[PDB]
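Colleague: Here it is: the structure, laid out below.
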Amino acid sequence: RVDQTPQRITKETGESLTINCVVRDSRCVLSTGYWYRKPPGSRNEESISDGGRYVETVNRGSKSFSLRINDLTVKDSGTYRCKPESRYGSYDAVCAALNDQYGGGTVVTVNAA
Ligand SMILES: [Cl-]
C-alpha cells in the first residue's frame with residue numbers, strides 16, 4: 001500500500017507545504033520516488049522535480065519519501081500524487097508493480113496573496 005498524507009490542505013501564499021508518502025505492508029525496497037501535479041479543473045498530471053522551491057527527501061529505511069514546496073503561490077494549487085520506485089523490481093515482478101502504484105493524492109489550495 002502507498003499511504004499519502006495529508007489528503008487535502010489549504011495554505012496561504014508564502015507558506016510551505018509538505019506531503020508524505022510511505023510504502024506499507026510490502027516486501028519491496030524503496031529506491032526513490034516521484035511527484036506529479038494536476039492543476040485545478042484538469043485531468044492531466046505532469047511531473048515535479050527536486051530543485052529551487054521544491055525539496056525532496058527519501059528515507060529508504062522507513063520506506064518513505066516526501067515533497068516540500070516553499071514559497072507557495074496560487075500557481076501551486078492542484079492535486080499532487082506520489083509514485084514510488086522499487087530498488088529490485090528487475091528481480092521481482094511484485095515489486096516491479098510497485099513502480100506503477102500511486103498515493104491517493106493530496107488536494108492543495110493556496111489562497112491568493
Ligand atoms: Cl524491491
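Starting from 1 in every chain, residues are counted up; chains themselves are A, B, ... following the order of the C-alpha cells, and ligands are numbered from 1 as listed.
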Neighbours of ligand 1 at 7 Å or closer, counting only C-alpha atoms and all ligand atoms: which residues, as number ranges by chain?

Modeller: A: 28-30, 86-89, 92, 95

Colleague: Residues of the last selection are to be written out with N, CA and C atoms, as a PDB file, in the first residue's frame.

Modeller:
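What landed in out32.pdb:
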ATOM      1  N   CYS A  28       8.929  -4.883  -0.765  1.00  0.00           N
ATOM      2  CA  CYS A  28       9.813  -4.178  -1.648  1.00  0.00           C
ATOM      3  C   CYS A  28      10.744  -3.228  -0.937  1.00  0.00           C
ATOM      4  N   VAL A  29      11.856  -2.936  -1.587  1.00  0.00           N
ATOM      5  CA  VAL A  29      12.866  -1.981  -1.108  1.00  0.00           C
ATOM      6  C   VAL A  29      12.677  -0.660  -1.855  1.00  0.00           C
ATOM      7  N   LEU A  30      12.548   0.437  -1.133  1.00  0.00           N
ATOM      8  CA  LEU A  30      12.352   1.718  -1.775  1.00  0.00           C
ATOM      9  C   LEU A  30      13.665   2.256  -2.280  1.00  0.00           C
ATOM     10  N   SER A  86      10.730   0.937  -6.778  1.00  0.00           N
ATOM     11  CA  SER A  86      11.397  -0.125  -6.063  1.00  0.00           C
ATOM     12  C   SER A  86      12.855  -0.241  -6.534  1.00  0.00           C
ATOM     13  N   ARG A  87      13.685  -0.766  -5.674  1.00  0.00           N
ATOM     14  CA  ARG A  87      15.074  -0.958  -5.974  1.00  0.00           C
ATOM     15  C   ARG A  87      15.390  -2.184  -6.807  1.00  0.00           C
ATOM     16  N   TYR A  88      14.643  -3.267  -6.605  1.00  0.00           N
ATOM     17  CA  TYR A  88      14.926  -4.564  -7.170  1.00  0.00           C
ATOM     18  C   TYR A  88      13.788  -5.129  -7.987  1.00  0.00           C
ATOM     19  N   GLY A  89      13.009  -4.239  -8.594  1.00  0.00           N
ATOM     20  CA  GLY A  89      11.911  -4.680  -9.467  1.00  0.00           C
ATOM     21  C   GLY A  89      12.354  -5.537 -10.627  1.00  0.00           C
ATOM     22  N   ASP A  92      11.942  -9.037  -9.279  1.00  0.00           N
ATOM     23  CA  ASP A  92      10.738  -9.364  -8.500  1.00  0.00           C
ATOM     24  C   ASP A  92       9.543  -8.638  -9.140  1.00  0.00           C
ATOM     25  N   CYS A  95       7.392  -6.372  -7.034  1.00  0.00           N
ATOM     26  CA  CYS A  95       7.969  -5.093  -6.783  1.00  0.00           C
ATOM     27  C   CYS A  95       8.074  -4.260  -8.010  1.00  0.00           C
TER      28      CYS A  95
END

Colleague: Can you list every residue in chain A that DSSP puts in alpha helix (DSSP H), as a list in words?

Modeller: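 DSSP on the backbone gives alpha helix (DSSP H) at residues 93, 94, 95, 96, 97 and 98 of chain A.
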
Colleague: Fewer than 5 positions away in the same chain doesn't count, so skip those; otherwise give me all residues within 10 Å of segment 109-112 of chain A, counting only C-alpha atoms, as number ranges by chain.

Modeller: A: 8-15, 17, 40, 72-79

Colleague: What's the separation between atom CA of residue 6 of chain A and atom CA of residue 55 of chain A, in Å to one decimal place?

Modeller: 17.0 Å

Colleague: Could you find all residues in chain A that DSSP calls strand (DSSP E) from the backbone, and write them as a VMD selection string?

Modeller: chain A and resid 2 to 5 8 to 12 17 to 23 30 to 38 46 to 48 54 to 59 64 to 69 78 to 86 106 to 111

Colleague: Which polymer residues have any atom within 7 Å of an atom of residue 37 of chain A, counting only C-alpha atoms, with same-chain residues fewer than 3 positions away left out, as a ChimeraX atom specification?

Modeller: /A:45-48,78-81

Colleague: Go ahead and compute the interatomic distance for atom CA of residue 18 of chain A and atom CA of residue 57 of chain A, in Å to one decimal.

Modeller: 10.4 Å

Colleague: So which residues touch segment 64-69 of chain A within 8 Å, counting only C-alpha atoms, skipping near sequence neighbours fewer than 4 positions away, as a ChimeraX atom specification?

Modeller: /A:16-23,30,32-33,35,53-60

Colleague: For the atom pair atom CA of residue 42 of chain A and atom CA of residue 103 of chain A, what is the interatomic distance in Å to one decimal place?

Modeller: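 If I compute the distance from atom CA of residue 42 of chain A to atom CA of residue 103 of chain A, I get 18.3 Å.
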